[PDB]
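One-letter residues, chain by chain:
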Amino acid sequence: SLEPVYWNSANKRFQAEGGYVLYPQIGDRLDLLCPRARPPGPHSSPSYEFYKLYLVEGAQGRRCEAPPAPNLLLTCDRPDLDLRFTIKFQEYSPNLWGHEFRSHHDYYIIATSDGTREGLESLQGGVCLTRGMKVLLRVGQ
Amino acid sequence: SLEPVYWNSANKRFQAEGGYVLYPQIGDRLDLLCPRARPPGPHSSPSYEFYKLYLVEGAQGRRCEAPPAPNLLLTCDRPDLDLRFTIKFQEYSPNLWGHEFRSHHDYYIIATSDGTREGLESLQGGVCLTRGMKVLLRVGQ
Amino acid sequence: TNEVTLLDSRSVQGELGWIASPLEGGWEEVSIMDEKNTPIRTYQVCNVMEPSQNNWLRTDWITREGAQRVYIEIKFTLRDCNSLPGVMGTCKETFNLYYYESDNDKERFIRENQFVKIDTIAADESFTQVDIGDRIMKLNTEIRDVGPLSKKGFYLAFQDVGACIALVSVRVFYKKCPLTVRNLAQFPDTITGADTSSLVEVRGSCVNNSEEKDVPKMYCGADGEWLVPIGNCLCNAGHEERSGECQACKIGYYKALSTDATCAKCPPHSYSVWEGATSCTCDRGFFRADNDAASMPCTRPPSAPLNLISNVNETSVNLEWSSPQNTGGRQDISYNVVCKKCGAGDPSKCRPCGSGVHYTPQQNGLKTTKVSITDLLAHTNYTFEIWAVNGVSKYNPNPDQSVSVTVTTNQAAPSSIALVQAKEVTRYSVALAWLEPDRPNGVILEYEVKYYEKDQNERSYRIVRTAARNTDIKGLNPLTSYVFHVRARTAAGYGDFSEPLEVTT
Amino acid sequence: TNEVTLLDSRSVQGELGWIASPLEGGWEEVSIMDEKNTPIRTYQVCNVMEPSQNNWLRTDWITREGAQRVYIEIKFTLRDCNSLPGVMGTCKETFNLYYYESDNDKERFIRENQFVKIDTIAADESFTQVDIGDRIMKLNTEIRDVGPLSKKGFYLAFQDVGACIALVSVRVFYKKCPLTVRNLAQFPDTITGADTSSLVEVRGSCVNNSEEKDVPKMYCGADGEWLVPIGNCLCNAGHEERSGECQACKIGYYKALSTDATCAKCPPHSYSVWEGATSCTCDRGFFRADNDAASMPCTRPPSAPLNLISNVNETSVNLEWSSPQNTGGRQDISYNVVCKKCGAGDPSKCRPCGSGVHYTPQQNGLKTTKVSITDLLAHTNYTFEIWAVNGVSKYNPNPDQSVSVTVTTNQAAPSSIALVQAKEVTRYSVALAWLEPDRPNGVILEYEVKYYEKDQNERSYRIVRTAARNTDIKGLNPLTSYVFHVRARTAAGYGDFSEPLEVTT
């Protein structure tokens, strides 16, 4: 099925060949995690890396560029706490914006921050370029 | 459309050739009236005629005979007041018994009372025979 | 059953004739036979297969009757849409309830945007088959309220959006606090408050035969009932506690002050008064004092003290008496000494003591049983009337008799008995005989005899008073020697000890 | 913000992990970014195309915290089913809410028939498009309550029957009456009653520096607030009214009794006491009486009456004096007469009046300014000390001085003046000269002169007291003839009228 996506440099699934591509099925869940990295357990990185993850149109995903008023999924503010976000590929959601997942379309989960507290609000390719931190999502027809 | 059925001797639509046959359409309403006949207005009869009107299987309707625990539609107890009952040929109703109108079937609205207070509870052909007080209902396919 | 109906669709026997948009093909009026086996007027719509349904039904104008908070009871049923032919999908299971306040009682049309949404009402339960025989209670009941209402009346509207629904009855009502009598005070019918967080202060007037001691008040809640009673109205004087109003005291019962306790029976020696009396009146011969309490019985008058002891000096006279026989029932007993000067001269008629007679203890109304009169003229005969006075005796008629004694001023006191003699000597009794003293100095009234045992420690002197010149001793142990001393007593004075007679048993 | 949370699904950061039947394909857990831009845990189901849906979701065990009535807030959204691909029909727009009381906090399975239906909850509103940017408040909010609850805790369950629904948050709470101080009494936090028609009696303890005069009580309503306050707790002696607790009286303030009024300043001639005093203490030289009230100022001690008039008889002596100069501030003024016998003999030292001296008006502490002493031995010289006594004088130190006068017993009264003479005669004033009487019979202390007009009705006699042998008249009309009479006054007695001198102005 689908595995948790850990959002730090320590992942390395990012520095992979094709480039972190998930093919979720309609009905699939997905977790994006920002693990403690304060009392440093497994899966955490050298030091806490401050990120904002956006879901992006794929076209913009390639260009490593969030649009204005982007679709912010998760905000790794807290180096003290484990953070998570879960999607289900379904018609219902506690989301109130009315976003929708075209099938046969490409979406990216990107982080345009340089990974620093001062670079957090950056809306244009940061670690998305630097460490190649994006994930393509191709959702079952 | 469908006209009000006045339930007294004064009607005379009863003493007619074919014998008071209505062909209601699905969606049609129907009223059965027992007009004052105390302060005697129009449509009322010589004197108040005490009736109970039942909806009947048609087979029984011919035989002028209500079944046990019949389908009582209206009860003309009150010579003081105008009484009415309305049907709509529809799936919903304030009726709680779960009766249903087969299409291509014959139903009769019959009165088996002799038209007297003491003959009221009669369940077998009274005025239904006497004055030929029944109405055939053939409901649109 | 504590709520006033502003509308009940079940009460309408002809037709409701409510306005509907559309007038045909939407909500429609039909009769049914209800739970109470009674034909009623209902509204229904079942356009489940038709899209974009917006069917409006609107009541006639309903008067508030000035009630700012009004409750709306809707009993309805929902036919399961999947029980209908062809209908495959998810069923609409709700309708919307609206209202519109208006002074106008004849609004012509349904103006959709002018209606205010009370709530979306949901069917708890649906049905698939009509009930044939006896009505089973499976209808949905939903109650909502609206307020504070400002205008004369209002309209209710129902919006159907594609359900298969029948409104079985619509009942619009307000609550109310019922007329109840608690803590002996009447409370009138009061309407419920406009808000759930607001309480209504209800202050009702007390019974005509009762006085308000504490201010009575009750708090009429939103549920249609009072909460905490504060202030009790005590029953008036001559009226007891009862289920309704303060009931008056029966023939032979009284109530002086406003107390929670019931009417008490008339005190001893008191005449029975008519129904609803303040205090039981006293019969002829008995009278009650003004300062004295109503609870105390009518008084009897006091009695005069039968025994009177009098001792005389050269110019002064000492008087002593015992406690009265019949008290009457009062603790306040006083004695009044009256000078007469009737002793001087043989005839009955005399002159009163006009001169200033001085008596050191008290002038009139002495509580002590001993008095001493001084500055009395020598060689003149006097008489004093010791008249007993009670607290009631002033209101009561003057007591019939008062014990009095006649005395002499200059004359000595009586002398001593020359010799005493023992007549009979036995182991149980010893008889005594004696003559009157040599010098009487007045009329002899009493003889006092004293007894004291010898060879042992001094025992308390035995006192035996006999007016006769002979007396017998009683209850004495054998072989006990006794000394007997006699003393002559008069109103004029105190006598001396007699001959010491030592007689062995 | 007056309600305690028993559960809030928004507070859970990991996962709710509630049990669901079926565990997959029915209710499912997903995160969202909420109205407060915060990630929360939600539950959803959207099996609208599948028939005969019976999807159960069940919370973990929720403790009541002993609250018998609990409120359940569900915020949810409904995706319009006709916005979904293929779905043509009528949408399910409701779900059902249930509960189950249990002491067991680890129920393993959903036992459908064991759950009790609270209500069918209806979506007021549905949506067709997810909200992208800022959260618009279009969620449905439905609150229901359950109770009275009997057991330690309970489970909530939701039944979906084929809607496209997301439970955004579930919040379970109880209300509550807040900790408030009214009528100078503390009231603790109390939970709301199990029924709307039932009120909770709340009796809270009063402040440590305050005494309970009337029993304090409040009625905690179902809305989470008190209704009618009954019984007020008055502040203790030496403590005033304040926003919180009874604040003590400042330096120079007192409070003797428990009154609603604030601390009053120290009365005149009273020493200032420390913070929180019952009564202002009196400084040196001033003392307050036991029977006297705390409100009254400290008194001053009384003064002795300067003038003393004394008249003598053969065996008795009469004394008279005026009102005291300095009262001190007390209405209760008494006079104590002390016998000395210091008049007899030339030396200062003497023997006290050991013998039984009898004085008819009063022995000690007379209210009248006139006293008469009897049974005094003739030919012996005496002296009396009339000592003024006040109500405070007992507590106060013995007054420094008391006005006294020395008198004689056997010695008579003074004689009359032989002749009087007028020195100066004018229209405004007439001077008078006179010699001492022929026989003094004691030391001369005063001379009293009387004036009376002739030819007219007898006017009130003019009194002029002069110790000197010369006096002058003042304020007299011309041509008015006047008769002048002089009288010599001593402590030994009363003198006689002088020569009648008729002098015309």
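Calculation criteria
- Within each chain the first residue of the written sequence is number 1 and the count goes on from 1 in that order, possibly differing from the entry; residues lacking coordinates are omitted.
- Going through the entries in the order they are written, you letter the chains from A and number the ligands from 1.
- Excluded from the side-chain calculations are hydrogens and water; all other atoms, namely the structure's heavy atoms, are used.
- Residues with missing side-chain atoms are left out of burial classes, side-chain pairs and their counts.
- The disulfide definition used here is simple: a pair of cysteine sulfur atoms within 2.5 Å.
- UniProt positions are given in the numbering used here, feature names are shortened, and annotations may be inferred rather than shown by experiment.
- The helix and strand labels rest on DSSP assignments: H or I over at least four residues marks a helix, E over at least two residues marks a strand, and numbering proceeds from the N terminus.
- Under the scheme applied here, a residue whose accessible area is under 20% of the maximum for its type counts as buried, over 50% as exposed, and between as partly exposed, the area being computed with a 1.4 Å probe on protein chains only.
- Here, residues are in contact when the closest pair of their heavy atoms is within 4.5 Å.
- As used here, buried area is the combined drop in accessible area, with a 1.4 Å probe, of two parts when they are placed together.
- Each salt bridge in this description consists of a side-chain nitrogen of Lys or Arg and a carboxyl oxygen of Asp or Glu lying within 4 Å of one another.
- By the criterion applied in these results, polar contacts are pairs of N or O atoms within 3.5 Å in which, for protein atoms, one can donate a hydrogen and the other can accept it, and in which residues neighboring in sequence qualify only through two side-chain atoms.
- The pairing test for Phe, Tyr and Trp rings, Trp by its six-membered ring, is centres within 6.5 Å, and the orientation test on the planes gives stacked under 30 degrees, edge-to-face over 60, and tilted for anything in between.
- In this scheme, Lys NZ or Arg CZ marks a charge over a ring once it lies within 6 Å of the ring centre and within 35 degrees of the ring normal.

A. Quick look at the UniProt feature "disulfide bond" in chain A. Residue and element names in this part refer to chain A. With sulfur atoms 2.0 Å apart, the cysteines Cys34 and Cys76 match their UniProt disulfide annotation in this structure. One end of the pair, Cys34, is in strand β3 (residues 29-34); the other, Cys76, is in the loop between β5 (71-75) and β6 (83-88), with 42 residues separating them in the sequence. Residue classification places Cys34 among the buried residues on the basis of a relative accessible area of 3%. A sulfur-sulfur distance of 2.1 Å between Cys64 and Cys128 means the disulfide UniProt records for this pair is formed in the structure. Linking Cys64 in the loop between α1 (59-62) and β5 with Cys128 in helix α2 (residues 127-130), this pair joins segments that are 64 residues apart in sequence.

B. How the structure looks around the interface of chain A and chain D. Contact with chain A, which involves 18 residues of that partner, is made by 32 residues of chain D. Between chain A and chain D, the buried area comes to about 2400 Å², and carbon and sulfur atoms account for 58% of it. Three residues stand out in chain A for area buried against chain D, namely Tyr92, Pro94 and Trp97 of chain A, and they jointly supply 36% of the buried area on that side. Residue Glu15 of chain D is joined to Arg84 of chain A by a salt bridge in which the shortest nitrogen-to-oxygen separation is 3.9 Å. The interface formed by chain A and chain D contains 19 residue pairs in polar contact. Contributing elements (two or more residues each) for the side of chain A that touches chain D: β5 and β6 of chain A. The biggest single contributor to the side of chain A that touches chain D is β6 of chain A, with five residues.

C. Quick peek at the packing of aromatic side chains. Taken as a whole and judged by the stated rule, the model has 32 aromatic pairs over all chains. For the pair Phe101 of chain B and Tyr107 of chain B, a centre-to-centre distance of 5.0 Å together with 75° between the ring planes defines the contact as edge-to-face. By relative accessible area, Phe101 of chain B is classed as partly exposed at 31%. Chaining the aromatic ring pairs together yields one cluster made of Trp56, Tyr98, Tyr100 and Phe115 of chain C. Directly above the aromatic system of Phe173 of chain C lies the positively charged group of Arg171 of chain C, at a separation of 4.2 Å from the ring centroid.

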